[PDB]
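Asker: Okay, handing you the structure first.
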4 protein chains.
Amino acid sequence: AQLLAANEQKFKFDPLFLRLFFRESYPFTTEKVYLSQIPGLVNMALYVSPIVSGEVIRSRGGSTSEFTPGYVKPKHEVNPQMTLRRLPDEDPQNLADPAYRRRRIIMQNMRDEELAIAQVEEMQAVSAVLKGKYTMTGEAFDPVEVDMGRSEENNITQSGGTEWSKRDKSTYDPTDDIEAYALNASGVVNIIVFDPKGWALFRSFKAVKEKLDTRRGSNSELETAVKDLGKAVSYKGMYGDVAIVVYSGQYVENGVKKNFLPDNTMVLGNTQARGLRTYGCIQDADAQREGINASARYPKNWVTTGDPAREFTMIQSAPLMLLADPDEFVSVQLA
Amino acid sequence: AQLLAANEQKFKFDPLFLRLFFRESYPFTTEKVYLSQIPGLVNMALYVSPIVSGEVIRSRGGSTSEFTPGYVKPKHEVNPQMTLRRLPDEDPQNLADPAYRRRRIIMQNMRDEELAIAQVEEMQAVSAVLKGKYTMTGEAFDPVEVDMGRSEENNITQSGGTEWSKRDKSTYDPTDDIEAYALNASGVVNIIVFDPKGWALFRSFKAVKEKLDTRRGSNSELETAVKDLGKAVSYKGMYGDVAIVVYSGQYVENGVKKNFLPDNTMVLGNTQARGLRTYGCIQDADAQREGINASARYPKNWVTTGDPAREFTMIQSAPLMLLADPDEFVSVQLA
Amino acid sequence: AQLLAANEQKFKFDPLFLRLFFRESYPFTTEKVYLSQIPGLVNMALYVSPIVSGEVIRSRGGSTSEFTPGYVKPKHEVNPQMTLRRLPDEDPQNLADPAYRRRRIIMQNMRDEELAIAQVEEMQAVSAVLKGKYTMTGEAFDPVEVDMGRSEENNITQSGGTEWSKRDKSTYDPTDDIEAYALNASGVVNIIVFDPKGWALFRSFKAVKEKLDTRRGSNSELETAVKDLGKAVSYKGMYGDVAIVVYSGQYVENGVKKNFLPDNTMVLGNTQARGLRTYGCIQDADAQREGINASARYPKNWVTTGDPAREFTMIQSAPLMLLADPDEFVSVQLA
Amino acid sequence: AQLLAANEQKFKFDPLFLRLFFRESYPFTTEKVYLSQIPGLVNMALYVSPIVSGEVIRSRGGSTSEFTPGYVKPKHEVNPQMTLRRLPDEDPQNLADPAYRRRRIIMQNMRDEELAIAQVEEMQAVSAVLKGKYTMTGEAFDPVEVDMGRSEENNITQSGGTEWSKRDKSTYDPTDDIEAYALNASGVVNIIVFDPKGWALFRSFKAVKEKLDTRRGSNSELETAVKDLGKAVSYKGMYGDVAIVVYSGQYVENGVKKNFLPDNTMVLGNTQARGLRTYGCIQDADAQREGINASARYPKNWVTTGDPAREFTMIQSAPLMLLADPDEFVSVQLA
C-alpha cells in the first residue's frame, strides 16, 4: 500500500468562512478540547509602582473549558475498475498500466475525502455563526450540543412588525436600518454578506443603487480571496464603508443539494474577527506511533484481509469549529 | 496518409449545456456503458465515534446500468478544389503549393467534423434535461431507448387547467406559480432557461418587468457563457434567486435550420447539477492497434482504392449524454 | 519606376462595417465570384451503426452563385511639386533631395489611395446591411444588380402605425417596441447602431435614460475596436444585454460629404455575424505575369510616354461585400 | 535564557491617536519627566543691522515641570502547556523540538505584552484629548494627577434649550453649529472623529447626506494611515474641507471590554497637531548596566528559583502622553 507520503494536495480552497474569520487554528494533543490552553485575550496593563513590587498576569479560560470534538473518518474503496474521469492532458497510453491507474484513483479518493471534510467544516462554521448555537448529531454517534454564548441582542428578526418587503421600493432608505442593526455589534462592521435570495429585496430599493459601488472593489486583498471562489461567491462593491458579498454555496446531503444559509437571512460582522479552528487528537494506533496525534488531517491506506479482503482509504479528523466572541456579528432574519 | 496526431484544434466552445450541466466526462474501456462504475456524488461526513468501524462510502447505482452508446462516425472528402479563407497576410506564395494546401484544408475539415459532433451531444442533452427520455434512431441504426429516470412530477404542462397566456397581462403575478413549479425539484433551483418565443410572454407581465433586475454585473461568472456564446444565448437579467436565460440556438438538418427547444418550454434547473458525458469505445480495427480504445474522439485519414478511388477523413465517437440525478430539473410546458 | 514589393501600408483602419461584421475575407482565383465555393453550412450528423459505413458529406445549401465583382482601379500622378506635412524635426535638408521627396510623395499617395478603396467598401457594406440590395453603377462601368436575399419582413418602417415621433417622451418605454421588432431577426441581437439624428429622439424617452447604463468600460469588448475610429464613432453603452452605439461616418463625394445612412434609420444585428469579404481577380497583365491573380490590392507604378507624359500609380481591387445570412439584420426606418 | 537583543517585533499598531497626533517621542534620561526640557517654539527673527552682533536665541518650553509617569511592567510566564497555534504550512517535526516550542512561546508572549502596553498609551491619549485632565491610579501606585492646562471654553457640550437630538431632522443644517464649536479651536479644524453611538445621531440629518461627499479615498494619506486598523477604526467621508472618522476601539478591563470614549461625544482637532510622547527612566538594575537608561521599551527574560519557580518575560516602560497646545482640540459632549 502507498505510504503516508501520499499527502500531495496543497490546495487552499477554504470557502469564505475558514479563510475570512477562522484563519487561525489550534490543534490539540488530547481527546477533548480545553479552552484553558488557548491564549485568550490580552488584559489591561495595570499601573504599578517602581521596582518596589510586581504581580504576575495569568490568562484564564473563563467558565467552560471542556468540549468534545466532532471525530470523523469517512472511508472509500479503491476497486481498480472504476472508469477514470477524463482529466485534461491525459494520455491513455501511459494510463492503461495499473501502476498509474491505481496511483491516480488513490489521489481522486484523497481529493473527494478532503472536499467532503472541508465542506462539513464550513457547514459547522455556518451553523456556529448564523445563530451562535450549534449541535453534533449523526447515526451511530451520541448527540452533542455546543453553545458559543451568543447574546440575544445579536439575533434581530426582521419579520416582527417592520420588515423590508412591505415598503416603497423607490422611497424607503435602508441605511438607517443597517445602522440600527449594526450599532450593537461590539465593533465596526465591514462585511454584510447576504443570501442569493435575500439580496434581491435589499437591492430592489432605488436609494441603494446610485450610492452602491461596482468599481472592481477597493477594500483590501478580499477581492483576491474572492476570485478563487468564482462559483459560489460574488463580490458586488461598496456600501460607502462596508463590503458586500453574496454567497450561494451548496452542500450534498443523502441525495439533495441544499444551501448553507437559511433562505432569507443576512449577516453583519467584521473581517478581522477571531475564529478558532480547534482540532482533537487522531485516535489511531499509527498516528500515536508516529507522533502525529496533534494534527488537522490524517490520511491512511491499508489492505484488510479475510472477511473484507479489500484495500481502503481513510481521512480521519475531528473539527470543533469555535468562535472567540460570538457577539461580534449580527444575524438578521429577513422576511 | 497523414499521421494520427492531426487533432490540434483547442476550441472549447460547447453551447451552453455541455458547459453548465455536463461538465464531467467519462470515457469507457468497454463497448457498452456500465453506469455502476461512476464514482458518484459525496455525502457530508456522517459522524461516527472513533471506536466503531466506519461505513464504506460506496457508489450505489440504479436498478438499470447497462446502456448502449450512440456510435457516430462522419467522414468527409479532402478534394483539393475547395477554396480556402485568407488568414491575415499569411504569405499567399505558399497557397499554390498543393502540399501546404491539403494540410491547411485538413484542419478546416476537422473543425467542420468536430462541429458536426458537438450538435448530437446537445440533441441528446436537450432531450435529457427536457424530458428524461431519448431515442437514438437513424438510417442503418437500430432504434435505442434511454430512460433517464425522470418522474411525472417534473413534466408539468401549463395547459393542464390554468395557463399563463389566458390571464391579465397587467395584473397577474407568476412568482407564486414559479415557486410552486420549483417546489418539486429536489434541490436548489437558479436557472430557468426560456425559449425565444417562450419568453416574449413571460416578460409581458407587468410585475415581471419591475421585479426583473436587468443590471449588468449580475449573479456570477455565468456572463462568460454570454461572451463565448454571443450568437445563440442571451442573459436577460435577474429574478431573485434565479437568472433569466434565453437560448435560441439552432441545429441544421439536411438542408433546413431548426430549434433545439420547442417553442413554449422552460427548465427549472440547478447550475451545479452534475451531468455525465460518458463515451463508448472506439470500435475500430485500427484504433485497438494503437491502444486508443478508450477515448472521446478518434480521427483517421486514409485512402480508399478500387471503386471510389479517393481519400477520406473520418472522425469516430460514441456520445451517451447522461444525468446522475434526472429529478434535479423541472420541464414546464407553457401554452 | 518603384518595385512592386513597396506596398508597406499595414494600417488597416476599416470603419466598423469591415471589422465588426465582415471580418472574414475570401479572395478568389476566378474573374467572377462563385458563391458555391464558399464553405457555408455543415449538416448536423447521422446516427450510423459501428459496422456499416456512412454516406459521404457534401457542401450544399446554396443555389445561385453567380456575381460580378465591382472592379475599381484609381490612380494618382506623382509630380514633385506638392506641399507636404513637414514631419516635426526629421527633415532638415533631406527635402532638398528630389529622390527622397519623390519616395515620400509615393508613400503619401498610397496612403491617400487606400482611403478611396475603404470608403467604397464601407459604402458597399452599408448598402448590404441597410436594405439587402446593392447596385453597381458608375461612369465607364456597366450597371449590375446584386441581391443579398433579404426578406421584406426585415425592412419594416416606423411610419406604419404609431411612429416614435408621435409619442410621449416622458413615460413610454420603447423597449417593448424594440423587442417587438427583434423576434424576426433569426438570432439574438446585441448591436443597435443608430444615426445621431435618429438617435436624438430615442435618447429623449425618460425610460431610456433610466435604463441606459452609460457606464463606460462595460463588459462589452467592442469599444476596444471602436476607439481606433473615434473620429465619427462613439459608444453610447449598454441597454441591459444589448449594446447601443452611434455611427455618423460620412463619405466624401466629388467635393461634398454625404452621410452613410439616411437620417431616421436604425439596425439590429449581432456582433458575431458572419460577413463575407470576397474579392474578385485583378485583371491586369503585370499581376498575372507574377502570379498575383488572387489578391486584395495590387499597386502599380508606371511611367507614361508621349501624350500624357507623367508617372502614375494605380491600385486595383474588386470588392464584392457579401452577407452569409442576409436576414440576420433588421433595418428599421424610424419616424 | 533569551538574549536581550531578541526584540524582533517591527509591528506598528498605533490606534489612531499615537499615529496621528503623538508622532514625535522624547524618552528621558531622568526618573521624573521635566516638562521644561522640551525644545519649544521659536521667535521670528529680531531684525538687526549687519555691523552689530545679535542676541543669542533661547527657547525653554513650559513652566510646570516635575511630573511623574506611570511605571507599568506587565509580566508573563512561559508554562510550556499552551497549545501552540498551527502556523500555516509548518512541519510537525519542528514542533517536537522543545527549544523551538519555547522560542515560539516567548515570541507570542512578546506580542501579548506589547498589545498590553499600547492600551495604556492610548487610554492616556484619549483622556488627554477629552478634557485635558488625566489621573493615574492603580493598586500600589499613589495616584498621580496630570493637569494639561486646558481652557474652559474648549469643552462646549450641547446642553442648552436646543440639542442635536431634540430638533428638526430635515431642515436643520449642522454646518453653522459645527463652525461655532470650531471657532474657539486656536486653528483651522480638520478632523471631527466620532464615537459611533454619537455618530448615528449626526448621520440622521438629511442636510448631512445632501452634502457629505463620502467618496472612497479620504485625502490620499489618511486612509493610508488607517487601513491597518480594520477592526476598530472606520472612515465615513469628507464634509467639505474636513474628514470624518468613526473610532470604536475598546480597552479591556480585567475581564470586560469598555469604550475609550463616552458614547455620545465627538472631538475636533488637526492631523498636524503636535503631541509629546515623553517617557522616563527604565529603572532596572540590568538596564543601567547595558546603557539603555533612556528608552521606550525594555524587554527582559529571567528564570526565578525556589518559591515562584518559573521563567518570566516582562515588558516595562513609562508613558506620560502630553500635548503642546491642549486647547486646540474641542471635545463636544453631545446629547
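A note on labels: chains of the C-alpha cells are A, B, ... as shown, every chain counts residues from 1, and ligands are counted from 1 in their shown order.
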Using DSSP assignments from the backbone, pull out every residue in stretch 67-293 of chain B that falls under strand (DSSP E) and give it to me as a count of residues only.

Answerer: 43

Asker: Select, as a VMD selection string, those residues of chain B with any atom no more than 7 Å from chain A (distances computed using only C-alpha atoms).

Answerer: chain B and resid 25 to 28 37 to 39 42 to 50 54 to 57 186 to 188 220 to 221 240 to 241 291

Asker: Give me the RMSD in Å over all C-alpha atoms, paired in order, after least-squares superposition of chain A onto chain D.

Answerer: 1.1 Å

Asker: For stretch 285-290 of chain A, list every protein, DNA or RNA residue within 10 Å, evaluated using only C-alpha atoms, and leave out those in the same chain fewer than 6 positions away; present the list as a list in words.

Answerer: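 The residues satisfying every condition are residues 298, 299 and 300 of chain A.
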
Asker: Just list the residues in stretch 165-319 of chain B DSSP gives helix (DSSP H, G or I) on the backbone, as an MDAnalysis selection string.

Answerer: chainID B and resid 175:183 206:211 223:228 285:289

Asker: Please produce a file of the residues just selected, as a PDB file, in the first residue's frame, where the atoms kept are C-alpha atoms.

Answerer:
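And here's again.pdb as it stands now:
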ATOM      1  CA  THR B 175     -43.960  34.317  -8.760  1.00  0.00           C
ATOM      2  CA  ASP B 176     -46.313  32.007  -6.858  1.00  0.00           C
ATOM      3  CA  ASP B 177     -46.579  29.707  -9.877  1.00  0.00           C
ATOM      4  CA  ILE B 178     -42.790  29.727 -10.274  1.00  0.00           C
ATOM      5  CA  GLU B 179     -42.364  28.790  -6.611  1.00  0.00           C
ATOM      6  CA  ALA B 180     -44.944  26.005  -6.910  1.00  0.00           C
ATOM      7  CA  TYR B 181     -43.204  24.663 -10.018  1.00  0.00           C
ATOM      8  CA  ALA B 182     -39.819  24.785  -8.281  1.00  0.00           C
ATOM      9  CA  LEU B 183     -41.170  23.080  -5.142  1.00  0.00           C
ATOM     10  CA  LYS B 206     -46.347  43.944 -15.560  1.00  0.00           C
ATOM     11  CA  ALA B 207     -44.945  42.619 -12.277  1.00  0.00           C
ATOM     12  CA  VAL B 208     -42.099  40.782 -14.023  1.00  0.00           C
ATOM     13  CA  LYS B 209     -40.611  43.845 -15.725  1.00  0.00           C
ATOM     14  CA  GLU B 210     -40.499  45.545 -12.318  1.00  0.00           C
ATOM     15  CA  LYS B 211     -39.060  42.562 -10.435  1.00  0.00           C
ATOM     16  CA  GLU B 223     -21.909  36.045 -18.128  1.00  0.00           C
ATOM     17  CA  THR B 224     -18.832  34.300 -19.543  1.00  0.00           C
ATOM     18  CA  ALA B 225     -21.228  31.938 -21.322  1.00  0.00           C
ATOM     19  CA  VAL B 226     -22.662  35.096 -22.879  1.00  0.00           C
ATOM     20  CA  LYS B 227     -19.246  36.294 -24.061  1.00  0.00           C
ATOM     21  CA  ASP B 228     -18.330  32.897 -25.513  1.00  0.00           C
ATOM     22  CA  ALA B 285      -9.857  -2.133 -36.139  1.00  0.00           C
ATOM     23  CA  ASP B 286      -7.014   0.395 -36.335  1.00  0.00           C
ATOM     24  CA  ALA B 287      -7.831   2.057 -33.006  1.00  0.00           C
ATOM     25  CA  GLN B 288      -7.248  -1.085 -30.936  1.00  0.00           C
ATOM     26  CA  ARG B 289      -3.810  -1.475 -32.527  1.00  0.00           C
TER      27      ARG B 289
END

Asker: Just the residues within 9 Å of residue A:148, please, counting only C-alpha atoms, with nothing from its chain fewer than 6 positions along; format it as a list in words.

Answerer: residues 128, 129, 132, 133, 134, 322, 323, 324, 325 and 326 of chain A

Asker: For the atom pair atom CA of residue C:90 and atom CA of residue C:1, what is the interatomic distance in Å to one decimal place?

Answerer: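 Atom CA of residue C:1 lies at a distance of 25.6 Å from atom CA of residue C:90.
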
Asker: Excluding same-chain residues fewer than 4 positions from residue B:334, what lies within 10 Å of it counting only C-alpha atoms, as a compact mmCIF listing (two decimals) with C-alpha atoms, in the first residue's frame?

Answerer:
# COMPACT_ATOMS: atom_id res chain seq x y z
CA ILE B 156 -45.71 19.90 -15.75
CA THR B 157 -47.78 21.13 -18.69
CA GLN B 158 -49.20 24.63 -18.30
CA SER B 159 -52.16 23.65 -20.50
CA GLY B 160 -53.45 21.39 -17.72
CA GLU B 163 -52.42 28.87 -18.34
CA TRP B 164 -50.27 31.99 -18.35
CA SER B 165 -51.48 33.19 -21.75
CA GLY B 198 -41.48 31.30 -24.66
CA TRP B 199 -40.04 34.42 -23.03
CA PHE B 202 -43.38 35.98 -19.59
CA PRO B 262 -39.84 23.60 -28.55
CA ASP B 263 -41.49 26.98 -28.81
CA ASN B 264 -43.00 27.16 -25.29
CA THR B 265 -40.94 25.46 -22.56
CA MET B 266 -38.82 26.30 -19.55

Asker: Would you please work out which residue, of D:110, D:275, D:145, D:205, is nearest to residue D:297 when using only C-alpha atoms?

Answerer: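 Once distances to residue D:297 are computed over only C-alpha atoms, the minimum belongs to D:110.
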